[PDB]
Amino acid sequence: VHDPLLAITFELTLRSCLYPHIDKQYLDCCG
Amino acid sequence: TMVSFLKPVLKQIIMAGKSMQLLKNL
């Protein structure tokens, strides 16, 4: 998933766009 | 023995893994 995310500041704020994907899944799991 | 790279999302890592296993136990 993060390999196509690089196309659409590198590995600092860009890497902080990867983390919402594990956050959204985590919310569904715990709820 | 550890890095701090994964720190800003680590809580939601651990708290998802263990809770998913507690789903799997049902």
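Residues numbered from 1 in each chain as written, not as in the entry; some residues may be left out. Chains lettered and ligands numbered in written order. Part of a larger assembly, values for the part shown. Heavy atoms only, no water.

Its PDB header attributes the entry to cryo-EM and lists the resolution as 7.1 Å.

A.B. asks: In this structure, what is going on with the overall build of chain A? I would like to understand it.
C.D. replies: The helix and strand tally for chain A stands at 2 helices and 0 strands. Each of the three principal axes of chain A carries a C-alpha extent, and together these read 35 × 15 × 10 Å. (Helix = DSSP H or I, 4+ residues; strand = E, 2+ residues; numbered from the N terminus.)

A.B. asks: Looking at this model, I keep getting lost on a nonpolar patch on the surface. Mind explaining?
C.D. replies: Side chains of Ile22 of chain A together with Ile13, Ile14 and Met15 of chain B sit close together on the surface and give an oily, nonpolar patch of about 310 Å² of accessible area. When residues in the nonpolar patch are grouped by element, the largest group, 3 residues, is from helix α1 (residues 10-24) of chain B. Position of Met15 of chain B relative to the elements: it lies in helix α1. Note on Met15 of chain B: relative accessible area 37%, which makes it partly exposed. (Patch = residues over 30% accessible without salt bridge, like charges linked within 9 Å, V, L, I, M, F, W, Y side chains within 5 Å. Areas by Shrake-Rupley, 256 points an atom, 1.4 Å probe, with all protein chains shown as cover. Salt bridge = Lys/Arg side-chain N within 4 Å of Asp/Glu carboxyl O. Buried < 20%, exposed > 50% of the residue type's maximum accessible area, 1.4 Å probe, protein only.)

A.B. asks: Before we go on, may I ask you to explain empty space enclosed by the protein in this structure?
C.D. replies: Any empty space left between atoms is shown by rolling a water-sized probe over those atoms. All names here are of chain A. As a volume, the largest cavity reaches approximately 30 Å³. Along its surface, the largest cavity is lined by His2, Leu5, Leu6, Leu14, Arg15 and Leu18. Tallied by class, residues from the lining of the largest cavity come to 4 nonpolar, 1 polar and 1 charged. (1 Å grid on protein atoms, 1.4 Å probe; cavity = no way out; pocket = protein on both sides within 12 Å on 5 of 7 lines; lining within 4 Å. Points joined across faces, edges and corners; volume = space filled by probe spheres on them. Nonpolar A, V, L, I, M, F, W, Y, C, P; charged D, E, K, R; others polar.)

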